[PDB]
file target.cif (mmCIF, C-alpha atoms)
data_target
loop_
_atom_site.group_PDB
_atom_site.id
_atom_site.type_symbol
_atom_site.label_atom_id
_atom_site.label_comp_id
_atom_site.auth_asym_id
_atom_site.auth_seq_id
_atom_site.Cartn_x
_atom_site.Cartn_y
_atom_site.Cartn_z
ATOM 1 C CA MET V 1 -24.203 -166.901 136.763
ATOM 2 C CA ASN V 2 -22.474 -164.369 134.487
ATOM 3 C CA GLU V 3 -25.132 -161.662 134.465
ATOM 4 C CA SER V 4 -23.741 -159.753 131.454
ATOM 5 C CA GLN V 5 -24.004 -162.737 129.150
ATOM 6 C CA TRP V 6 -27.352 -163.579 130.689
ATOM 7 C CA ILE V 7 -28.611 -160.051 129.992
ATOM 8 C CA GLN V 8 -27.263 -160.087 126.442
ATOM 9 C CA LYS V 9 -28.665 -163.541 125.606
ATOM 10 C CA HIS V 10 -32.132 -162.689 126.926
ATOM 11 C CA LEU V 11 -32.586 -158.960 126.336
ATOM 12 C CA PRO V 12 -31.808 -158.527 122.591
ATOM 13 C CA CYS V 13 -31.495 -154.710 122.645
ATOM 14 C CA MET V 14 -28.586 -155.190 125.103
ATOM 15 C CA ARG V 15 -26.342 -157.111 122.679
ATOM 16 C CA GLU V 16 -25.319 -153.721 121.168
ATOM 17 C CA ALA V 17 -23.689 -152.799 124.437
ATOM 18 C CA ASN V 18 -20.140 -153.307 125.543
ATOM 19 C CA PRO V 19 -20.402 -156.428 127.786
ATOM 20 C CA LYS V 20 -19.066 -154.710 130.923
ATOM 21 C CA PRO V 21 -21.533 -154.098 133.818
ATOM 22 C CA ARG V 22 -21.356 -150.264 133.852
ATOM 23 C CA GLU V 23 -21.319 -150.090 130.050
ATOM 24 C CA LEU V 24 -24.556 -152.052 129.899
ATOM 25 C CA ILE V 25 -26.034 -149.546 132.369
ATOM 26 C CA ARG V 26 -24.794 -146.478 130.468
ATOM 27 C CA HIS V 27 -26.049 -148.076 127.279
ATOM 28 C CA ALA V 28 -29.643 -148.800 128.368
ATOM 29 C CA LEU V 29 -30.029 -145.393 130.022
ATOM 30 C CA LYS V 30 -28.856 -143.685 126.757
ATOM 31 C CA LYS V 31 -31.376 -145.816 124.795
ATOM 32 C CA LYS V 32 -34.010 -144.525 127.281
ATOM 33 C CA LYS V 33 -35.613 -147.912 128.014
ATOM 34 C CA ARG V 34 -38.332 -148.077 130.699
ATOM 35 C CA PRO V 35 -36.722 -147.114 134.051
ATOM 36 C CA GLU V 36 -37.818 -150.397 135.698
ATOM 37 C CA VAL V 37 -35.746 -152.511 133.267
ATOM 38 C CA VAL V 38 -32.479 -150.566 133.599
ATOM 39 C CA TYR V 39 -32.736 -150.606 137.384
ATOM 40 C CA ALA V 40 -33.544 -154.370 137.326
ATOM 41 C CA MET V 41 -30.373 -154.983 135.326
ATOM 42 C CA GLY V 42 -28.557 -152.958 137.992
ATOM 43 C CA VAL V 43 -29.853 -155.216 140.779
ATOM 44 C CA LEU V 44 -29.167 -158.348 138.786
ATOM 45 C CA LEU V 45 -25.581 -157.152 138.240
ATOM 46 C CA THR V 46 -24.925 -156.154 141.899
ATOM 47 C CA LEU V 47 -26.333 -159.449 143.243
ATOM 48 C CA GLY V 48 -23.884 -161.090 140.816
ATOM 49 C CA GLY V 49 -20.784 -159.472 142.280
ATOM 50 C CA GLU V 50 -20.596 -155.876 141.063
ATOM 51 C CA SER V 51 -20.109 -153.394 143.878
ATOM 52 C CA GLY V 52 -20.793 -149.746 143.021
ATOM 53 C CA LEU V 53 -23.358 -149.479 140.242
ATOM 54 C CA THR V 54 -25.389 -147.072 142.391
ATOM 55 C CA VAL V 55 -23.650 -143.868 141.133
ATOM 56 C CA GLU V 56 -24.578 -144.878 137.581
ATOM 57 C CA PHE V 57 -28.244 -144.392 138.397
ATOM 58 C CA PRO V 58 -30.338 -141.231 138.686
ATOM 59 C CA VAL V 59 -31.629 -141.021 142.264
ATOM 60 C CA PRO V 60 -35.431 -141.520 142.052
ATOM 61 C CA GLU V 61 -38.161 -139.522 143.847
ATOM 62 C CA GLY V 62 -39.448 -140.278 147.363
ATOM 63 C CA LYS V 63 -38.468 -141.911 150.656
ATOM 64 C CA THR V 64 -35.404 -144.182 150.460
ATOM 65 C CA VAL V 65 -36.899 -147.342 152.129
ATOM 66 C CA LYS V 66 -34.894 -150.541 152.735
ATOM 67 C CA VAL V 67 -35.533 -153.852 150.970
ATOM 68 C CA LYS V 68 -34.866 -157.049 152.893
ATOM 69 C CA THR V 69 -37.531 -159.499 151.836
ATOM 70 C CA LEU V 70 -38.771 -160.799 148.520
ATOM 71 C CA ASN V 71 -42.080 -159.394 149.884
ATOM 72 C CA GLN V 72 -40.997 -155.746 150.094
ATOM 73 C CA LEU V 73 -39.337 -156.103 146.709
ATOM 74 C CA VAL V 74 -42.426 -157.490 144.959
ATOM 75 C CA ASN V 75 -44.801 -154.899 146.471
ATOM 76 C CA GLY V 76 -42.391 -152.034 145.921
ATOM 77 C CA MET V 77 -42.341 -152.995 142.244
ATOM 78 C CA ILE V 78 -46.065 -152.184 141.938
ATOM 79 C CA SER V 79 -45.879 -148.365 141.829
ATOM 80 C CA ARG V 80 -42.371 -147.655 143.070
ATOM 81 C CA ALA V 81 -40.232 -150.128 141.135
ATOM 82 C CA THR V 82 -37.272 -147.821 140.442
ATOM 83 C CA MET V 83 -36.921 -146.670 144.027
ATOM 84 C CA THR V 84 -37.206 -150.170 145.450
ATOM 85 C CA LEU V 85 -34.723 -151.557 142.891
ATOM 86 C CA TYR V 86 -32.332 -148.721 143.527
ATOM 87 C CA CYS V 87 -32.603 -149.431 147.236
ATOM 88 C CA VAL V 88 -31.744 -153.084 146.645
ATOM 89 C CA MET V 89 -28.528 -152.061 144.824
ATOM 90 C CA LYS V 90 -27.600 -149.492 147.437
ATOM 91 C CA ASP V 91 -28.007 -151.890 150.401
ATOM 92 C CA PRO V 92 -28.013 -155.451 148.884
ATOM 93 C CA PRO V 93 -29.362 -158.550 150.651
ATOM 94 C CA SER V 94 -27.341 -161.711 151.285
ATOM 95 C CA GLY V 95 -27.589 -165.486 151.390
ATOM 96 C CA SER V 96 -30.844 -167.180 150.482
ATOM 97 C CA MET V 97 -32.816 -163.937 150.213
ATOM 98 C CA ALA V 98 -30.314 -162.614 147.675
ATOM 99 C CA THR V 99 -30.904 -165.811 145.673
ATOM 100 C CA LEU V 100 -34.727 -165.398 145.793
ATOM 101 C CA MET V 101 -34.490 -161.773 144.757
ATOM 102 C CA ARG V 102 -32.049 -162.708 142.009
ATOM 103 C CA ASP V 103 -34.357 -165.359 140.530
ATOM 104 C CA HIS V 104 -37.268 -162.947 140.905
ATOM 105 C CA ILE V 105 -35.600 -160.112 138.969
ATOM 106 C CA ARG V 106 -34.167 -162.468 136.333
ATOM 107 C CA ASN V 107 -37.572 -164.045 135.858
ATOM 108 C CA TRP V 108 -39.145 -160.588 135.754
ATOM 109 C CA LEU V 109 -36.668 -159.411 133.109
ATOM 110 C CA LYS V 110 -37.228 -162.557 131.019
ATOM 111 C CA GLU V 111 -41.031 -162.760 131.029
ATOM 112 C CA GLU V 112 -42.754 -159.502 132.095
ATOM 113 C CA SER V 113 -40.506 -156.520 131.305
ATOM 114 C CA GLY V 114 -41.316 -156.601 127.582
ATOM 115 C CA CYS V 115 -37.613 -156.189 126.967
ATOM 116 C CA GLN V 116 -37.087 -159.860 125.978
ATOM 117 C CA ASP V 117 -38.990 -159.789 122.677
ATOM 118 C CA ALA V 118 -36.930 -158.980 119.560
ATOM 119 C CA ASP V 119 -37.179 -155.625 117.718
ATOM 120 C CA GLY V 120 -40.772 -155.118 116.565
ATOM 121 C CA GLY V 121 -41.569 -152.156 114.336
ATOM 122 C CA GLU V 122 -40.818 -151.299 110.706
ATOM 123 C CA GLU V 123 -37.112 -152.310 110.821
ATOM 124 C CA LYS V 124 -38.339 -155.884 111.393
ATOM 125 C CA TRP V 125 -40.249 -156.262 108.128
ATOM 126 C CA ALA V 126 -37.571 -154.576 106.017
ATOM 127 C CA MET V 127 -35.023 -156.916 107.565
ATOM 128 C CA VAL V 128 -36.954 -160.084 106.825
ATOM 129 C CA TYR V 129 -37.618 -158.608 103.380
ATOM 130 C CA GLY V 130 -33.897 -158.285 102.595
ATOM 131 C CA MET V 131 -33.668 -162.044 103.080
ATOM 132 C CA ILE V 132 -35.401 -163.143 99.866
ATOM 133 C CA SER V 133 -33.463 -161.809 96.814
ATOM 134 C CA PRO V 134 -30.147 -163.082 98.154
ATOM 135 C CA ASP V 135 -32.266 -166.254 98.151
ATOM 136 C CA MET V 136 -32.665 -167.102 94.532
ATOM 137 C CA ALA V 137 -36.249 -165.973 94.457
ATOM 138 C CA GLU V 138 -36.308 -166.383 90.718
ATOM 139 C CA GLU V 139 -36.725 -170.145 91.390
ATOM 140 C CA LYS V 140 -39.961 -171.669 90.074
ATOM 141 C CA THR V 141 -41.336 -170.966 93.445
ATOM 142 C CA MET V 142 -43.903 -169.377 95.763
ATOM 143 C CA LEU V 143 -41.085 -168.175 98.031
ATOM 144 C CA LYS V 144 -41.008 -165.241 95.634
ATOM 145 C CA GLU V 145 -44.627 -164.566 96.643
ATOM 146 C CA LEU V 146 -43.410 -164.167 100.264
ATOM 147 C CA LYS V 147 -41.150 -161.309 99.150
ATOM 148 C CA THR V 148 -44.171 -159.788 97.293
ATOM 149 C CA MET V 149 -46.208 -160.080 100.510
ATOM 150 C CA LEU V 150 -43.397 -158.571 102.542
ATOM 151 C CA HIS V 151 -43.038 -155.837 99.922
ATOM 152 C CA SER V 152 -46.781 -155.024 100.136
ATOM 153 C CA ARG V 153 -46.545 -154.951 103.954
ATOM 154 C CA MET V 154 -43.802 -152.311 103.862
ATOM 155 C CA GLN V 155 -45.694 -150.553 101.113
ATOM 156 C CA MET V 156 -49.020 -150.624 103.019
ATOM 157 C CA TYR V 157 -47.536 -148.906 106.058
ATOM 158 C CA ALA V 158 -46.261 -145.976 103.956
ATOM 159 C CA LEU V 159 -49.559 -145.691 102.045
ATOM 160 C CA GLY V 160 -51.437 -145.276 105.318
ATOM 161 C CA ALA V 161 -53.252 -148.599 105.911
ATOM 162 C CA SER V 162 -54.724 -149.242 109.325
ATOM 163 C CA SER V 163 -53.046 -151.321 111.984
ATOM 164 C CA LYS V 164 -55.873 -153.886 111.557
ATOM 165 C CA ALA V 165 -55.211 -154.189 107.802
ATOM 166 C CA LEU V 166 -51.430 -154.359 108.465
ATOM 167 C CA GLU V 167 -52.083 -157.075 111.065
ATOM 168 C CA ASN V 168 -54.111 -159.295 108.703
ATOM 169 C CA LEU V 169 -51.190 -159.264 106.251
ATOM 170 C CA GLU V 170 -48.764 -160.107 109.119
ATOM 171 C CA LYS V 171 -50.929 -163.078 110.083
ATOM 172 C CA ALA V 172 -50.994 -164.216 106.415
ATOM 173 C CA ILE V 173 -47.174 -163.852 106.165
ATOM 174 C CA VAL V 174 -46.575 -165.963 109.271
ATOM 175 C CA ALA V 175 -49.115 -168.380 107.827
ATOM 176 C CA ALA V 176 -47.293 -168.622 104.497
ATOM 177 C CA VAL V 177 -43.926 -169.226 106.204
ATOM 178 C CA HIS V 178 -45.325 -172.159 108.189
ATOM 179 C CA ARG V 179 -46.812 -173.585 104.984
ATOM 180 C CA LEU V 180 -43.339 -173.687 103.379
ATOM 181 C CA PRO V 181 -42.036 -177.192 102.509
ATOM 182 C CA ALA V 182 -39.955 -179.444 104.810
ATOM 183 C CA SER V 183 -36.843 -178.813 102.692
ATOM 184 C CA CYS V 184 -36.982 -175.282 104.196
ATOM 185 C CA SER V 185 -36.708 -176.675 107.755
ATOM 186 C CA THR V 186 -33.894 -174.403 109.017
ATOM 187 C CA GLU V 187 -35.102 -171.417 106.959
ATOM 188 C CA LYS V 188 -38.540 -171.809 108.573
ATOM 189 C CA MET V 189 -37.513 -171.658 112.256
ATOM 190 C CA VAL V 190 -35.169 -168.726 111.455
ATOM 191 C CA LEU V 191 -37.972 -166.701 109.862
ATOM 192 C CA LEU V 192 -40.326 -167.772 112.647
ATOM 193 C CA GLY V 193 -37.657 -166.651 115.112
ATOM 194 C CA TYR V 194 -37.794 -163.045 113.814
ATOM 195 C CA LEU V 195 -41.582 -162.746 113.616
ATOM 196 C CA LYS V 196 -42.550 -164.944 116.603
#
call {"tool": "encode", "arguments": {"input": "target.cif", "output": "structure tokens"}}
result
Amino acid sequence: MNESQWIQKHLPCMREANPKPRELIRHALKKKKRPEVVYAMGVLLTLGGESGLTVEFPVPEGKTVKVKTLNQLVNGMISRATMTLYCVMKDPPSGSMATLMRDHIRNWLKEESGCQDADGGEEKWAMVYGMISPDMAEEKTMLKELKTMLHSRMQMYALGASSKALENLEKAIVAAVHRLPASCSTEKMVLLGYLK
């Protein structure tokens, strides 16, 4: 229940959207996320009580087939996901089937769409980097060596180091954060929340 909050809680990129159903749709389309995901959010919204999200979506290519069973839905999502999802919105199921489709799409969004993992990419490391001079990093401490690792990571990317080399360093960083003392309990699981 409450698809908007569900979407926003579980698909981080969507928190930047105005919480209304259509606004979420206009937002993800603008951001040009994979077509499957935006259509899945459409279905999840409709099945939750929104009634005309169809006009928000670009009509996809091909025959407009109808989607009654969890079966059709799951097979249509192999090579024709957008069309099948769009067809769900356009002529929605009811009762128990609606529930099965709902839990399917929700589960799909949460664990297979790739849209549930936080922002990877360079912005990530610069963000976690700007978290260590606010922290008195002058402190007789090895927490300052984290910042020097993080600095070298951002530096390495600019200076052209391979993905493999970059990845070693990322493993080391995550290693060093785990090996931080128990008085950094909260600080640990925050840092580990941004780097997985």
call {"tool": "residues_around", "arguments": {"input": "target.cif", "residues": "residue 170 in chain V", "least_positions_apart": "6", "cutoff": "10 Å", "atoms": "all atoms listed in the file", "output": "NGL selection string"}}
result
:V and (125 or 149-150 or 153 or 164 or 176 or 195)
call {"tool": "residues_near_point", "arguments": {"input": "target.cif", "point": "(-21.5, -150.6, 134.8)", "cutoff": "9 Å", "atoms": "only C-alpha atoms", "output": "PDB file with C-alpha atoms, in the frame of the given file"}}
result
ATOM      1  CA  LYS V  20     -19.066-154.710 130.923  1.00  0.00           C
ATOM      2  CA  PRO V  21     -21.533-154.098 133.818  1.00  0.00           C
ATOM      3  CA  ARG V  22     -21.356-150.264 133.852  1.00  0.00           C
ATOM      4  CA  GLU V  23     -21.319-150.090 130.050  1.00  0.00           C
ATOM      5  CA  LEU V  24     -24.556-152.052 129.899  1.00  0.00           C
ATOM      6  CA  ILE V  25     -26.034-149.546 132.369  1.00  0.00           C
ATOM      7  CA  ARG V  26     -24.794-146.478 130.468  1.00  0.00           C
ATOM      8  CA  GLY V  42     -28.557-152.958 137.992  1.00  0.00           C
ATOM      9  CA  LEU V  45     -25.581-157.152 138.240  1.00  0.00           C
ATOM     10  CA  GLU V  50     -20.596-155.876 141.063  1.00  0.00           C
ATOM     11  CA  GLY V  52     -20.793-149.746 143.021  1.00  0.00           C
ATOM     12  CA  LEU V  53     -23.358-149.479 140.242  1.00  0.00           C
ATOM     13  CA  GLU V  56     -24.578-144.878 137.581  1.00  0.00           C
TER      14      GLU V  56
END
call {"tool": "resolve_selection", "arguments": {"input": "target.cif", "expression": "the PyMOL selection byres ((chain V and resi 106) around 9)", "output": "PDB file with C-alpha atoms, in the frame of the given file"}}
result
ATOM      1  CA  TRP V   6     -27.352-163.579 130.689  1.00  0.00           C
ATOM      2  CA  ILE V   7     -28.611-160.051 129.992  1.00  0.00           C
ATOM      3  CA  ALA V  40     -33.544-154.370 137.326  1.00  0.00           C
ATOM      4  CA  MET V  41     -30.373-154.983 135.326  1.00  0.00           C
ATOM      5  CA  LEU V  44     -29.167-158.348 138.786  1.00  0.00           C
ATOM      6  CA  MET V 101     -34.490-161.773 144.757  1.00  0.00           C
ATOM      7  CA  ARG V 102     -32.049-162.708 142.009  1.00  0.00           C
ATOM      8  CA  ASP V 103     -34.357-165.359 140.530  1.00  0.00           C
ATOM      9  CA  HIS V 104     -37.268-162.947 140.905  1.00  0.00           C
ATOM     10  CA  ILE V 105     -35.600-160.112 138.969  1.00  0.00           C
ATOM     11  CA  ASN V 107     -37.572-164.045 135.858  1.00  0.00           C
ATOM     12  CA  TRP V 108     -39.145-160.588 135.754  1.00  0.00           C
ATOM     13  CA  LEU V 109     -36.668-159.411 133.109  1.00  0.00           C
ATOM     14  CA  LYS V 110     -37.228-162.557 131.019  1.00  0.00           C
ATOM     15  CA  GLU V 111     -41.031-162.760 131.029  1.00  0.00           C
TER      16      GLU V 111
END
call {"tool": "resolve_selection", "arguments": {"input": "target.cif", "expression": "the PyMOL selection byres ((chain V and resi 191) around 12)", "output": "ChimeraX atom specification"}}
result
/V:124-125,127-132,146,173-178,180,184-190,192-196
call {"tool": "residues_around", "arguments": {"input": "target.cif", "residues": "range 87-96 of chain V", "least_positions_apart": "4", "cutoff": "7 Å", "atoms": "all atoms listed in the file", "output": "list in words"}}
result
residues 42, 43, 46, 54, 64, 65, 66, 67, 68, 83 and 100 of chain V
call {"tool": "write_last_selection", "arguments": {"input": "target.cif", "atoms": "C-alpha atoms", "output": "PDB file, keeping the file's coordinate frame"}}
result
ATOM      1  CA  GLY V  42     -28.557-152.958 137.992  1.00  0.00           C
ATOM      2  CA  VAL V  43     -29.853-155.216 140.779  1.00  0.00           C
ATOM      3  CA  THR V  46     -24.925-156.154 141.899  1.00  0.00           C
ATOM      4  CA  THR V  54     -25.389-147.072 142.391  1.00  0.00           C
ATOM      5  CA  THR V  64     -35.404-144.182 150.460  1.00  0.00           C
ATOM      6  CA  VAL V  65     -36.899-147.342 152.129  1.00  0.00           C
ATOM      7  CA  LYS V  66     -34.894-150.541 152.735  1.00  0.00           C
ATOM      8  CA  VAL V  67     -35.533-153.852 150.970  1.00  0.00           C
ATOM      9  CA  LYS V  68     -34.866-157.049 152.893  1.00  0.00           C
ATOM     10  CA  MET V  83     -36.921-146.670 144.027  1.00  0.00           C
ATOM     11  CA  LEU V 100     -34.727-165.398 145.793  1.00  0.00           C
TER      12      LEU V 100
END
call {"tool": "closest_residue", "arguments": {"input": "target.cif", "among": "V:156, V:30, V:137, V:55", "to": "residue 122 in chain V", "atoms": "only C-alpha atoms"}}
result
V:156
call {"tool": "closest_residue", "arguments": {"input": "target.cif", "among": "V:159, V:113, V:58, V:47", "to": "residue 3 in chain V", "atoms": "only C-alpha atoms"}}
result
V:47
call {"tool": "residues_around", "arguments": {"input": "target.cif", "residues": "residue 116 in chain V", "least_positions_apart": "3", "cutoff": "7 Å", "atoms": "only C-alpha atoms", "output": "short mmCIF file (atom, residue, chain, number, x, y, z; two decimals) with C-alpha atoms, in the frame of the given file"}}
result
data_model
loop_
_atom_site.label_atom_id
_atom_site.label_comp_id
_atom_site.auth_asym_id
_atom_site.auth_seq_id
_atom_site.Cartn_x
_atom_site.Cartn_y
_atom_site.Cartn_z
CA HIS V 10 -32.13 -162.69 126.93
CA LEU V 11 -32.59 -158.96 126.34
CA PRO V 12 -31.81 -158.53 122.59
CA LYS V 110 -37.23 -162.56 131.02
#
call {"tool": "resolve_selection", "arguments": {"input": "target.cif", "expression": "the PyMOL selection byres ((chain V and resi 35) around 12)", "output": "PyMOL selection string"}}
result
chain V and resi 25+28-34+36-42+57-60+77+80-86+113+115
call {"tool": "closest_residue", "arguments": {"input": "target.cif", "among": "V:165, V:142, V:118, V:126", "to": "residue 15 in chain V", "atoms": "all atoms listed in the file"}}
result
V:118
call {"tool": "closest_residue", "arguments": {"input": "target.cif", "among": "V:166, V:143, V:97, V:13", "to": "residue 179 in chain V", "atoms": "all atoms listed in the file"}}
result
V:143
call {"tool": "atom_distance", "arguments": {"input": "target.cif", "atom1": "CA of residue 158 in chain V", "atom2": "CA of residue 121 in chain V"}}
result
13.0 Å
call {"tool": "atom_distance", "arguments": {"input": "target.cif", "atom1": "CA of residue 63 in chain V", "atom2": "CA of residue 51 in chain V"}}
result
22.7 Å
call {"tool": "atom_distance", "arguments": {"input": "target.cif", "atom1": "CA of residue 76 in chain V", "atom2": "CA of residue 49 in chain V"}}
result
23.1 Å
call {"tool": "build_atoms", "arguments": {"input": "target.cif", "residues": "range 139-159 of chain V", "atoms": "N, CA, C and O atoms", "output": "PDB file, keeping the file's coordinate frame"}}
result
ATOM      1  N   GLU V 139     -36.330-168.749  91.339  1.00  0.00           N
ATOM      2  CA  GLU V 139     -36.725-170.145  91.390  1.00  0.00           C
ATOM      3  C   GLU V 139     -38.224-170.335  91.300  1.00  0.00           C
ATOM      4  O   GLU V 139     -38.989-169.670  92.037  1.00  0.00           O
ATOM      5  N   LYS V 140     -38.595-171.242  90.383  1.00  0.00           N
ATOM      6  CA  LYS V 140     -39.961-171.669  90.074  1.00  0.00           C
ATOM      7  C   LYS V 140     -40.284-171.854  91.507  1.00  0.00           C
ATOM      8  O   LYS V 140     -39.776-172.760  92.176  1.00  0.00           O
ATOM      9  N   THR V 141     -41.118-170.937  91.996  1.00  0.00           N
ATOM     10  CA  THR V 141     -41.336-170.966  93.445  1.00  0.00           C
ATOM     11  C   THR V 141     -42.369-169.945  93.920  1.00  0.00           C
ATOM     12  O   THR V 141     -42.606-168.920  93.280  1.00  0.00           O
ATOM     13  N   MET V 142     -42.960-170.253  95.075  1.00  0.00           N
ATOM     14  CA  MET V 142     -43.903-169.377  95.763  1.00  0.00           C
ATOM     15  C   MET V 142     -43.211-168.597  96.884  1.00  0.00           C
ATOM     16  O   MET V 142     -43.821-167.754  97.549  1.00  0.00           O
ATOM     17  N   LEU V 143     -41.933-168.902  97.092  1.00  0.00           N
ATOM     18  CA  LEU V 143     -41.085-168.175  98.031  1.00  0.00           C
ATOM     19  C   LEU V 143     -40.895-166.747  97.534  1.00  0.00           C
ATOM     20  O   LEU V 143     -40.639-165.829  98.308  1.00  0.00           O
ATOM     21  N   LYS V 144     -41.020-166.569  96.226  1.00  0.00           N
ATOM     22  CA  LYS V 144     -41.008-165.241  95.634  1.00  0.00           C
ATOM     23  C   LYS V 144     -42.288-164.479  96.005  1.00  0.00           C
ATOM     24  O   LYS V 144     -42.290-163.250  96.092  1.00  0.00           O
ATOM     25  N   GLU V 145     -43.374-165.205  96.244  1.00  0.00           N
ATOM     26  CA  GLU V 145     -44.627-164.566  96.643  1.00  0.00           C
ATOM     27  C   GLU V 145     -44.569-164.063  98.107  1.00  0.00           C
ATOM     28  O   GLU V 145     -45.267-163.109  98.471  1.00  0.00           O
ATOM     29  N   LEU V 146     -43.721-164.686  98.926  1.00  0.00           N
ATOM     30  CA  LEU V 146     -43.410-164.167 100.264  1.00  0.00           C
ATOM     31  C   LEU V 146     -42.829-162.763 100.179  1.00  0.00           C
ATOM     32  O   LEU V 146     -43.353-161.832 100.788  1.00  0.00           O
ATOM     33  N   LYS V 147     -41.745-162.619  99.421  1.00  0.00           N
ATOM     34  CA  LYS V 147     -41.150-161.309  99.150  1.00  0.00           C
ATOM     35  C   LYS V 147     -42.171-160.274  98.640  1.00  0.00           C
ATOM     36  O   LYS V 147     -42.128-159.123  99.059  1.00  0.00           O
ATOM     37  N   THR V 148     -43.099-160.685  97.771  1.00  0.00           N
ATOM     38  CA  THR V 148     -44.171-159.788  97.293  1.00  0.00           C
ATOM     39  C   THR V 148     -45.181-159.422  98.391  1.00  0.00           C
ATOM     40  O   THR V 148     -45.743-158.316  98.395  1.00  0.00           O
ATOM     41  N   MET V 149     -45.420-160.359  99.309  1.00  0.00           N
ATOM     42  CA  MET V 149     -46.208-160.080 100.510  1.00  0.00           C
ATOM     43  C   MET V 149     -45.480-159.080 101.391  1.00  0.00           C
ATOM     44  O   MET V 149     -45.995-158.003 101.694  1.00  0.00           O
ATOM     45  N   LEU V 150     -44.268-159.452 101.785  1.00  0.00           N
ATOM     46  CA  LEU V 150     -43.397-158.571 102.542  1.00  0.00           C
ATOM     47  C   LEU V 150     -43.256-157.194 101.888  1.00  0.00           C
ATOM     48  O   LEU V 150     -43.293-156.177 102.566  1.00  0.00           O
ATOM     49  N   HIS V 151     -43.132-157.140 100.569  1.00  0.00           N
ATOM     50  CA  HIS V 151     -43.038-155.837  99.922  1.00  0.00           C
ATOM     51  C   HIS V 151     -44.335-155.035 100.106  1.00  0.00           C
ATOM     52  O   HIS V 151     -44.288-153.817 100.323  1.00  0.00           O
ATOM     53  N   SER V 152     -45.485-155.705 100.011  1.00  0.00           N
ATOM     54  CA  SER V 152     -46.781-155.024 100.136  1.00  0.00           C
ATOM     55  C   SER V 152     -47.009-154.527 101.575  1.00  0.00           C
ATOM     56  O   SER V 152     -47.592-153.459 101.795  1.00  0.00           O
ATOM     57  N   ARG V 153     -46.525-155.311 102.538  1.00  0.00           N
ATOM     58  CA  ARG V 153     -46.545-154.951 103.954  1.00  0.00           C
ATOM     59  C   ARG V 153     -45.788-153.645 104.223  1.00  0.00           C
ATOM     60  O   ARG V 153     -46.296-152.754 104.915  1.00  0.00           O
ATOM     61  N   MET V 154     -44.582-153.524 103.669  1.00  0.00           N
ATOM     62  CA  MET V 154     -43.802-152.311 103.862  1.00  0.00           C
ATOM     63  C   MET V 154     -44.484-151.185 103.113  1.00  0.00           C
ATOM     64  O   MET V 154     -44.567-150.051 103.585  1.00  0.00           O
ATOM     65  N   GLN V 155     -44.995-151.519 101.940  1.00  0.00           N
ATOM     66  CA  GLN V 155     -45.694-150.553 101.113  1.00  0.00           C
ATOM     67  C   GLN V 155     -46.961-150.042 101.818  1.00  0.00           C
ATOM     68  O   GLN V 155     -47.226-148.828 101.843  1.00  0.00           O
ATOM     69  N   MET V 156     -47.730-150.965 102.407  1.00  0.00           N
ATOM     70  CA  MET V 156     -49.020-150.624 103.019  1.00  0.00           C
ATOM     71  C   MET V 156     -48.887-149.619 104.153  1.00  0.00           C
ATOM     72  O   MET V 156     -49.716-148.726 104.306  1.00  0.00           O
ATOM     73  N   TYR V 157     -47.827-149.775 104.936  1.00  0.00           N
ATOM     74  CA  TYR V 157     -47.536-148.906 106.058  1.00  0.00           C
ATOM     75  C   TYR V 157     -47.324-147.462 105.592  1.00  0.00           C
ATOM     76  O   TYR V 157     -47.910-146.519 106.153  1.00  0.00           O
ATOM     77  N   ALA V 158     -46.490-147.291 104.563  1.00  0.00           N
ATOM     78  CA  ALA V 158     -46.261-145.976 103.956  1.00  0.00           C
ATOM     79  C   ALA V 158     -47.528-145.361 103.365  1.00  0.00           C
ATOM     80  O   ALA V 158     -47.723-144.147 103.438  1.00  0.00           O
ATOM     81  N   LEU V 159     -48.378-146.191 102.763  1.00  0.00           N
ATOM     82  CA  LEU V 159     -49.559-145.691 102.045  1.00  0.00           C
ATOM     83  C   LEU V 159     -50.734-145.451 102.985  1.00  0.00           C
ATOM     84  O   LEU V 159     -51.819-145.057 102.537  1.00  0.00           O
TER      85      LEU V 159
END
